[PDB]
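S.K.: One structure is given below, represented as structure tokens, and several questions about it will come after.
What follows draws every value from the coordinates through simple rules; no lab data is involved. Cβ coordinates were reconstructed from backbone atoms using ideal geometry, including for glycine residues, and neighbour counts include every protein chain displayed.
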Amino acid sequence: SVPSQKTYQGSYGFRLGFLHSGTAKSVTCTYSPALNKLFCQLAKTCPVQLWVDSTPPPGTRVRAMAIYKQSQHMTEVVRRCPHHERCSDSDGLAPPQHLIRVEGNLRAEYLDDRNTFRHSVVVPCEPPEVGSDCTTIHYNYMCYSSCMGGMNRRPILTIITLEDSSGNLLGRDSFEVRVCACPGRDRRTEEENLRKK
Ligand SMILES: CCCOc1cc(C(=O)O)c(O)c(I)c1-n1cccc1
Ligand SMILES: [Zn+2]
């Protein structure tokens, strides 16, 4: 099986937002709207905004899951490579096999699906802080796209789903991710490739 990636705002008008970090050599996380693609360094903070048009009910949650973007790999579970799963960099909550972690939220829950074996991380929805119009989740990606025996240079998508208390779908959005040493340079390169095409 393969999780759906269809964008779905749903009844609450759910969608993602990203900061405008630029493409300087020093940038650690940067989002390309033209590519719908996040470029980030290993284990660095990736701020992802959640936006809604109306308030979802108490108990609504936000889940993140990675899948391979290419159809011929979509049924393979995205996991950390044989090196990183053994490097003992745990935060005490994320299983060492999980690619995606949530940073700084003790209510994050990590799921190994008993039927699909896919990994995901889910947090309770919290309303924006006073003076803010959206809520931000801080994600970390714990392997490079190039890691041998893991992603092995294959592109991935992150699927973000808004779910009710039973796990039923309320909204969905997604973005491609490249985890790399120089996200600013790679974003510039890929945007230029797109322009040349
Ligand atoms: C279910 C708890 C409340 O959830 C929200 C409420 C509001 C609001 O304006 O009332 C909001 O703007 C957002 I963004 C969320 N939200 C947090 C994560 C996903 C959606
Ligand atoms: Zn790795």
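S.K.: Checking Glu192 against (1) within 26 Å of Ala34 (Cβ to Cβ); (2) surrounded by 13 or more Cβ atoms within 10 Å (Cβ to Cβ), which single condition isn't satisfied?
M.R.: (2)
Table: residues versus (1) within 25 Å of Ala181 (Cβ to Cβ); (2) without any contact (Cβ under 8 Å) to a residue 24 or more places away in the chain.
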residue: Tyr12; (1), (2): no, no
residue: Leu19; (1), (2): yes, no
residue: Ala24; (1), (2): yes, no
residue: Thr28; (1), (2): yes, no
residue: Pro33; (1), (2): yes, yes
residue: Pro47; (1), (2): yes, no
residue: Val62; (1), (2): no, no
residue: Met65; (1), (2): yes, no
residue: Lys69; (1), (2): yes, no
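S.K.: On the basis of being away from ligand 1 (no atom under 16 Å from the Cβ), assigned to a loop (DSSP other than H, G, I, E, B) and crowded, with 16+ Cβ neighbours inside 10 Å, does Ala66 make the cut? Don't jump to the end; show me each part of the working.
M.R.: Working: away from ligand 1 (no atom under 16 Å from the Cβ): yes; assigned to a loop (DSSP other than H, G, I, E, B): no; crowded, with 16+ Cβ neighbours inside 10 Å: yes.
No.
S.K.: Report yes if some residue within region 48-60 is crowded, with 16+ Cβ neighbours inside 10 Å and among the charged types (D, E, K, R); otherwise report no. First the steps, then the outcome.
M.R.: Just the residues of region 48-60 that are crowded, with 16+ Cβ neighbours inside 10 Å, to begin with: 48-52, 56, 60.
Those left that are additionally among the charged types (D, E, K, R): none.
The answer is no; no qualifying residue exists.
S.K.: Could you please give the count of residues in region 117-159 that are in a loop (DSSP other than H, G, I, E, B) and away from ligand 2 (no atom under 16 Å from the Cβ)?
M.R.: So the first thing to find is which residues in region 117-159 are in a loop (DSSP other than H, G, I, E, B), and the list is 117-118, 125-134, 142-155.
When the remaining residues are screened for being away from ligand 2 (no atom under 16 Å from the Cβ), the result is 117-118, 125-134.
Residues that pass the stated criteria total 12.
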